[PDB]
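> I am attaching a structure below and will ask some questions about it afterwards.
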Amino acid sequence: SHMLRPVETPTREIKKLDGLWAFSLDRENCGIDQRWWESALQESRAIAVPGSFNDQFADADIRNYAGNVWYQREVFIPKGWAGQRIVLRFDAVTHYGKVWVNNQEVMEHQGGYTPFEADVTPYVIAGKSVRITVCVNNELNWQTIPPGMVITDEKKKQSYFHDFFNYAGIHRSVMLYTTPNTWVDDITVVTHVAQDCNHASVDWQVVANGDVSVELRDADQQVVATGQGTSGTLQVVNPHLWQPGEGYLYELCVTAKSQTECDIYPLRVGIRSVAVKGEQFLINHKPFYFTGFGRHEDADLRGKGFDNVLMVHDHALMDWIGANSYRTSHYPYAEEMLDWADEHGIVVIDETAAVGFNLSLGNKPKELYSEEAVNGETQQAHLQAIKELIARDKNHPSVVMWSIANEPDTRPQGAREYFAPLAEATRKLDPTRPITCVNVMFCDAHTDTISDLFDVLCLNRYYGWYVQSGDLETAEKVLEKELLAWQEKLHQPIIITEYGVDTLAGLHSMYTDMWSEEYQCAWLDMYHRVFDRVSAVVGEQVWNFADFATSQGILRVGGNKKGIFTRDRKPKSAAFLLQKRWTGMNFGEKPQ
Amino acid sequence: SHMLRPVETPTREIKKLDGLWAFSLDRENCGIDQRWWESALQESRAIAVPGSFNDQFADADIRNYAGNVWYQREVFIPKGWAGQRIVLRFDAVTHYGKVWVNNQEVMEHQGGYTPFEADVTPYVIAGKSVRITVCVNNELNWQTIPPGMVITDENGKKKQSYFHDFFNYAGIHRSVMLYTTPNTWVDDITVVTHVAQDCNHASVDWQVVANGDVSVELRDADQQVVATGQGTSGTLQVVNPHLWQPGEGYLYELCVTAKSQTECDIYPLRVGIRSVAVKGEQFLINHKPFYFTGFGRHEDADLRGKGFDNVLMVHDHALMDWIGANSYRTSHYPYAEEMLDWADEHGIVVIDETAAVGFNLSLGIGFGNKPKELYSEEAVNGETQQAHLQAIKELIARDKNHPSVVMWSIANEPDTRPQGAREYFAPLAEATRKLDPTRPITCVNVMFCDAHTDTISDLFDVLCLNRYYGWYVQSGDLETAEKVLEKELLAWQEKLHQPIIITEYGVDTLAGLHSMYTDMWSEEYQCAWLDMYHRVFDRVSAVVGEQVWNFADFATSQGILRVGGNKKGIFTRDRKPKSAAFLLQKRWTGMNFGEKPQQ
């Protein structure tokens, strides 16, 4: 469970395994039987790690593959790591990985978007080359997060219920890292902030197999507070709060000392509180207004693979357009993104991979919550996905809210019985952040059965698109009516976590009609006018930052075209509309 | 009602009223009450006739208008027309027109796609200017061909609901004209061209309606008299006739003279000597099997909507000729007759279709709440069936003598699952055969009314299937699509043992979208998917034709399925070729003319 982000210290080294690996499909599904991990993969080819495997090859038969694929490389253990605790770590393997070091099985993970690792000290020798084999499986069933159904025809075909392509592979960094045989295994900080903002407290809890001391250092490396033992509270006079748009960070240096060994782990800490009060979202006791995007991890060639240039360029576009926030739609993002948000003061709604709990979007069993679909084991798997997300992200000050799912069908019998325990367990795992369950349009104010269990109303709305098609005048009436009915029903802060229309870049129309750039601008504008008239709306996240790949079908013109930007990051007209609205408002303040 | 195409003759003049007219919306619907026809339209603007009104103005509020609009111009009657029978003719007004000459109501017509006309002799004076007002209505209901529902919102604002996948363009789409005959005139002509098996003799029956003694002269393309006859009816014998053949279209001229004691009238009718017949699973033209290649089309272009235009007709025929197309279907309404004059002259084979699309509440195309029973008093009823019969009569009355027209399609993609379907269609099938016994009939078949489901195709002569396996279902999966397609065509061959024409196969293709994955919306998928259909067609002996959906990208109702319109074109709306145009060019110019390809 304990999952600290590897960082280089006087007591910790890292060796990235990113680069070219050997790669092989297993159409006969005989690689486990033939123990492929005991040899060089036969009939293999070069693949980039990190990256989705699907689009690296310009090959439809690989892109559409369902089953196991195999990655392998050789790596030299640094000579100096003799006597040291050596960990092998995968930041993310989509959706399942099993790992062998030479002929030793070392670890296994279900969940495509959070890290897994094993201590491999006993199975490697410092100064020698070792063989790493990974069996990666991209199949979804009713107990995976997200769910799906594999149909077999004779040949496997993956069915799934979410509007983004089922990219798979080693999407994020692989690495070896070291600790001493005494080490800091875990840290929780809780950051309290007086109402007047003129004092703050920092609770710590540490797990380590040796005596623990902590030093809190400011941005200038001046020690502002010190403590001892596994737990306690640091007092901070006149603290530099972590504020949206700035993101001042302290460093909590955790030392675990044995008589013989010592370990130093620096954790970035942003001093901020988050709370809902009535229909206001407060950060450091001040109302905040969310602007920005639903995103995806999606790009040409690399699929959902992490990439620094893309992270730099996309943050430069969000900065320029005046976005203050985003949501990790619809899975945990690369941790680098949360390190970025921490440092630049970007506000994040951190979401699990639990999209698709919904059989009514655009074969399938009769009852959504039943033994044959979302069941007891599904709910366990969902709890595990929430635990892994919070265990990874609990200390990121940029994360202001947990979204435990996107667009579940809450009409059917058993929805509330499924969600209640998940809402409760989320609050116990992290009491410091509000929780949400992002709401599908047809589960309206008069229909939805679970919104009372959550703190903030995150509504996905597309009136004037899938319904009242091309009619802004009717869409505006229906939208305003529904937001006010939500305000009346629950008196929670409302974030519109999804509003957008498919827009084909370069399609221009004097009739302002669907798919045109001019429609995208008129439709976003109508939404904005309505949001500004409703006092409960504390945010707006446009769907989507950029055009992204989907499953093939008649609704998707080479993918999802709701982007503000093209997949190659070129702006549509609507990017300039958002630039003016979001840079023209006062930072973090509801427009008028 | 008799409908000869106006032609200039020693006895007949024409004056086109095409040009700029005055135009006005009537948002309050007070134009009949205020008798707008009695003066200049009040708040008017210039509009081009012919043309759809919708896209001339770059104005969404006009494009999306439902109700009456008003057209008006002034025109001089030629001085020399004194003593002549003077007719005012509209080749087509979509969907309804009422016409006034000064303050006299002269005409009314329902049906957006065939001509109407009135004798206006008594209401004009030769050498003076008259005012022509037209009230044009674009509303569809359950008794219009095609059908629809007007939804009135809580504020009284009208929005047209309709069940077909093309934009409900309206206006004066085709030429308006005054024309003369003498007071004795040839009012009607039916020819039937019979052709011996050996093709070495032919007979030409004639029947004429006119208020005078009738003689005929049949002249060959060199203007040499090959046969003469007398009386309102009879048979001309033609030795070693130059048959009208697909790819050539040799035409004779049947000159009909009506002579009274005092005056006379000469009408030249172009006649192509050709027989059409179904035998088993073969479509025979001049006793020889024919294989159809080409397109489902639309009347659709930038700015003018469904308006007729000679440059478009010349350019599009040059594209069909280049690509090797030998045929098309008038999807989904009668086309401008100039198209059938072109087909006659160049030997292009045409499936002539009525405007009866939309008889189907279970598609995703078109556009409030649909009625639950398609064939009921509150939807397709007795009055609908009457209106459909009238649409078939008017089409045949116009097109009965075009040798290019080889088959009548009485509708496109009706829902034939309910019991009502056969009850509605059976009498329509029978009446079509009585109206013209010289051509086979069809009713074009929707994909979900499969060989195991459909209830009416036995009543027709040719199986015209509209199929899109690998698109709307088995999306992007050529392998499954191919199995399902082959299985269904063979099940149709077993069931009815008719000739099969695939009258629709196509996939949305965004010009310039390219993919190494050959996936939906790409130029590459369009090519791979048409190729898979071709391979299957060539393995099925009953398939006698292939008409690609569609010749060119065209406008539709706005919705989530349509990326600025229908992108199943082989060409873009501005007539630029997609990669698939070159695929079709190779298959269609590489086969033997009119002959089923081989594996």
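A note on labels: chains of the structure tokens are A, B, ... as shown, every chain counts residues from 1, and ligands are counted from 1 in their shown order.
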Give one line per residue of chain B that approaches chain A to at most 7 Å, naming the two atoms of the closest pair and their distance in Å to one decimal, counting only C-alpha atoms; sort by chain then ascending residue number and deliver it as CSV.

residue,atom,partner,partner_atom,distance
B:58,CA,A:510,CA,5.8
B:59,CA,A:511,CA,6.4
B:60,CA,A:511,CA,4.8
B:471,CA,A:554,CA,7.0
B:472,CA,A:554,CA,6.5
B:475,CA,A:553,CA,5.8
B:476,CA,A:552,CA,6.6
B:516,CA,A:58,CA,5.7
B:517,CA,A:60,CA,4.8
B:520,CA,A:552,CA,6.4
B:521,CA,A:557,CA,5.9
B:558,CA,A:514,CA,6.2
B:559,CA,A:469,CA,6.0
B:560,CA,A:466,CA,6.5
B:561,CA,A:555,CA,5.8
B:563,CA,A:515,CA,5.8
B:564,CA,A:515,CA,6.2
> Set the distance at 12 Å and use only C-alpha atoms: which residues neighbour residue 63 of chain B once local chain neighbours fewer than 4 positions away are removed? I'd like the list as number ranges by chain.
A: 510-513; B: 25, 52-59, 67, 69, 138, 159-160, 167-171, 303-305, 555, 557-558
> Select from segment 368-560 of chain A everything DSSP, run on the backbone, classes as strand (DSSP E), then give the selection as a count of residues only.
28
> Please identify all polymer residues within 8 Å of segment 178-193 of chain B, counting only C-alpha atoms, omitting same-chain residues fewer than 3 positions from it, and present them as an MDAnalysis selection string.
chainID B and resid 2:4 6 11:17 81 83:89 202:212 256:260 263:267 271:275 400:401 438
> Keeping only N, CA and C atoms, take the residues you just selected and write them out as a short mmCIF file (atom, residue, chain, number, x, y, z; two decimals), in the first residue's frame.

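Output below, filename out.cif:
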data_model
loop_
_atom_site.label_atom_id
_atom_site.label_comp_id
_atom_site.auth_asym_id
_atom_site.auth_seq_id
_atom_site.Cartn_x
_atom_site.Cartn_y
_atom_site.Cartn_z
N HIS B 2 -52.55 15.73 -68.50
CA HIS B 2 -51.61 15.63 -69.65
C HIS B 2 -50.43 16.60 -69.45
N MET B 3 -49.20 16.15 -69.65
CA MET B 3 -47.98 16.93 -69.29
C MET B 3 -46.87 16.62 -70.29
N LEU B 4 -47.00 17.16 -71.49
CA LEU B 4 -45.94 17.14 -72.53
C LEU B 4 -44.89 18.20 -72.16
N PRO B 6 -42.79 21.30 -72.81
CA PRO B 6 -42.77 22.40 -73.79
C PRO B 6 -41.52 22.39 -74.67
N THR B 11 -45.25 25.96 -84.40
CA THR B 11 -46.60 26.23 -83.85
C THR B 11 -46.56 26.56 -82.34
N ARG B 12 -45.37 26.64 -81.73
CA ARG B 12 -45.21 26.69 -80.25
C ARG B 12 -44.02 27.57 -79.90
N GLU B 13 -44.27 28.59 -79.08
CA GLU B 13 -43.19 29.45 -78.54
C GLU B 13 -43.17 29.28 -77.01
N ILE B 14 -42.04 29.61 -76.39
CA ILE B 14 -41.77 29.57 -74.93
C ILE B 14 -41.10 30.88 -74.54
N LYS B 15 -41.48 31.43 -73.39
CA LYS B 15 -40.80 32.58 -72.77
C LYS B 15 -40.51 32.21 -71.31
N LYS B 16 -39.25 31.98 -71.00
CA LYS B 16 -38.77 31.66 -69.63
C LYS B 16 -39.01 32.86 -68.73
N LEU B 17 -39.51 32.64 -67.52
CA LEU B 17 -39.67 33.68 -66.49
C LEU B 17 -38.57 33.58 -65.42
N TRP B 81 -48.73 36.89 -79.60
CA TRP B 81 -49.38 35.71 -78.97
C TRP B 81 -50.91 35.86 -78.97
N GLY B 83 -54.49 35.52 -79.94
CA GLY B 83 -55.18 34.45 -80.70
C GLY B 83 -54.60 33.10 -80.37
N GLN B 84 -53.47 33.08 -79.68
CA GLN B 84 -52.82 31.82 -79.26
C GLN B 84 -53.36 31.37 -77.89
N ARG B 85 -53.36 30.04 -77.72
CA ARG B 85 -53.54 29.41 -76.41
C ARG B 85 -52.26 29.68 -75.61
N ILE B 86 -52.38 30.41 -74.49
CA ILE B 86 -51.23 30.81 -73.63
C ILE B 86 -51.29 30.05 -72.31
N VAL B 87 -50.24 29.29 -71.99
CA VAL B 87 -50.12 28.42 -70.78
C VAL B 87 -49.03 28.99 -69.86
N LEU B 88 -49.30 29.06 -68.55
CA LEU B 88 -48.26 29.43 -67.54
C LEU B 88 -47.85 28.15 -66.84
N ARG B 89 -46.54 27.87 -66.81
CA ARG B 89 -46.02 26.56 -66.34
C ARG B 89 -44.91 26.74 -65.33
N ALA B 202 -38.55 -3.69 -85.12
CA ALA B 202 -39.22 -3.07 -83.96
C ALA B 202 -40.55 -2.48 -84.44
N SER B 203 -41.49 -2.30 -83.52
CA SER B 203 -42.82 -1.69 -83.75
C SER B 203 -42.93 -0.51 -82.81
N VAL B 204 -43.60 0.56 -83.20
CA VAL B 204 -43.80 1.73 -82.30
C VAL B 204 -45.29 2.03 -82.24
N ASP B 205 -45.93 1.69 -81.13
CA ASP B 205 -47.34 2.09 -80.88
C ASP B 205 -47.33 3.57 -80.54
N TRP B 206 -48.40 4.26 -80.91
CA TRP B 206 -48.63 5.66 -80.48
C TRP B 206 -50.07 5.79 -80.02
N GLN B 207 -50.29 6.70 -79.08
CA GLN B 207 -51.63 7.21 -78.71
C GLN B 207 -51.54 8.69 -78.43
N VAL B 208 -52.41 9.48 -79.05
CA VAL B 208 -52.40 10.96 -79.00
C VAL B 208 -53.77 11.47 -78.54
N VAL B 209 -53.78 12.48 -77.68
CA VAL B 209 -55.00 13.26 -77.34
C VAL B 209 -54.79 14.64 -77.95
N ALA B 210 -55.76 15.13 -78.72
CA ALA B 210 -55.72 16.45 -79.35
C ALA B 210 -57.11 16.75 -79.90
N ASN B 211 -57.48 18.02 -79.97
CA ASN B 211 -58.79 18.49 -80.47
C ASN B 211 -58.78 18.69 -82.00
N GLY B 212 -58.25 17.71 -82.75
CA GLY B 212 -58.06 17.78 -84.22
C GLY B 212 -57.63 16.44 -84.82
N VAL B 256 -45.82 14.71 -84.14
CA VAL B 256 -47.29 14.58 -84.05
C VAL B 256 -47.91 15.89 -84.55
N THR B 257 -48.72 15.78 -85.59
CA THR B 257 -49.49 16.91 -86.15
C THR B 257 -50.97 16.72 -85.78
N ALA B 258 -51.55 17.72 -85.11
CA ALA B 258 -53.01 17.90 -84.94
C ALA B 258 -53.48 18.99 -85.91
N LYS B 259 -54.30 18.63 -86.90
CA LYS B 259 -54.87 19.56 -87.92
C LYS B 259 -56.36 19.70 -87.69
N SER B 260 -56.85 20.91 -87.40
CA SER B 260 -58.30 21.24 -87.51
C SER B 260 -58.54 21.77 -88.91
N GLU B 263 -56.60 25.58 -88.00
CA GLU B 263 -55.20 25.73 -87.52
C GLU B 263 -54.60 24.36 -87.23
N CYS B 264 -53.30 24.34 -86.98
CA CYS B 264 -52.58 23.08 -86.69
C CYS B 264 -51.36 23.31 -85.82
N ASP B 265 -50.89 22.20 -85.28
CA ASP B 265 -49.91 22.12 -84.18
C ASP B 265 -48.97 20.96 -84.51
N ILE B 266 -47.66 21.16 -84.29
CA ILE B 266 -46.62 20.14 -84.56
C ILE B 266 -45.86 19.96 -83.25
N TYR B 267 -45.81 18.74 -82.73
CA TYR B 267 -45.03 18.42 -81.51
C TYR B 267 -44.06 17.29 -81.83
N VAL B 271 -37.89 9.67 -79.39
CA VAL B 271 -38.28 8.25 -79.19
C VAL B 271 -37.01 7.40 -79.26
N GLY B 272 -36.73 6.65 -78.21
CA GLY B 272 -35.64 5.66 -78.23
C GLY B 272 -36.24 4.29 -78.38
N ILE B 273 -35.83 3.53 -79.39
CA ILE B 273 -36.48 2.21 -79.63
C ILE B 273 -35.77 1.17 -78.75
N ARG B 274 -36.41 0.78 -77.66
CA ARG B 274 -35.76 -0.16 -76.71
C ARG B 274 -36.86 -0.87 -75.92
N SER B 275 -36.61 -2.13 -75.60
CA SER B 275 -37.45 -2.93 -74.66
C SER B 275 -36.64 -3.13 -73.38
N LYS B 400 -43.10 8.83 -68.87
CA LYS B 400 -43.53 7.59 -69.61
C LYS B 400 -42.81 7.44 -70.97
N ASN B 401 -42.37 8.50 -71.62
CA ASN B 401 -41.78 8.33 -72.97
C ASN B 401 -40.25 8.41 -72.98
N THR B 438 -44.93 -1.11 -69.38
CA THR B 438 -43.75 -1.33 -70.27
C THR B 438 -42.46 -1.37 -69.46
#
> Please determine, counting only C-alpha atoms, which residue among A:139, A:246, A:455, A:547 has the shortest atom-to-atom distance to residue 427 of chain A.
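Closest candidate: A:455.
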> Do a neighbour search on residue 56 of chain A at 9 Å with only C-alpha atoms, toss out local chain neighbours closer than 4 positions, and write the hits as a list in words.
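The filter keeps residues 47, 48, 51, 52, 63, 301, 302 and 303 of chain A.
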> Excluding residue 598 of chain B and any residue of its chain fewer than 3 positions from it, enumerate the residues within 9 Å of it, using only C-alpha atoms, and give them as a count of residues only.
4
> List as a list in words the protein and nucleic acid residues near residue 245 of chain B, meaning an atom at most 8 Å away when only C-alpha atoms are counted, but skip any in the same chain fewer than 5 places from it.
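Here the qualifying residues turn out to be residues 250, 274, 285, 286 and 347 of chain B.
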> As a ChimeraX atom specification, please: every residue in segment 435-525 of chain B that DSSP puts in alpha helix (DSSP H).
/B:435,478-496,523-525
> Can you pull out every residue within 10 Å of segment 236-238 of chain A, counting only C-alpha atoms, but drop anything in the same chain fewer than 6 positions away, and send it as a PyMOL selection string?
chain A and resi 193+197-202+216+224-225+271
> Would you compute the distance between atom CA of residue 439 of chain A and atom CA of residue 536 of chain A? Give it in Å to one decimal.
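So the two atoms, atom CA of residue 439 of chain A and atom CA of residue 536 of chain A, lie 15.9 Å apart.
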> So, with only C-alpha atoms as the atoms that count, which of B:552, B:365, B:478, B:355 lies closest to residue 395 of chain B?
B:355
> Which residue gives the smallest distance to residue 394 of chain A among A:426, A:379, A:178, A:583, with only C-alpha atoms counted?
A:426
> Looking at only C-alpha atoms, which of B:10, B:590, B:147, B:499 is the one that sits closest to residue 290 of chain B?
B:499
> Go through A:285, A:538, A:242, A:341 one by one, measure the shortest atom-to-atom distance of each to residue 311 of chain A using only C-alpha atoms, and give the residue with the smallest value.
A:341
> Mind pulling up the distance from atom CA of residue 255 of chain B to atom CA of residue 231 of chain B?
13.3 Å
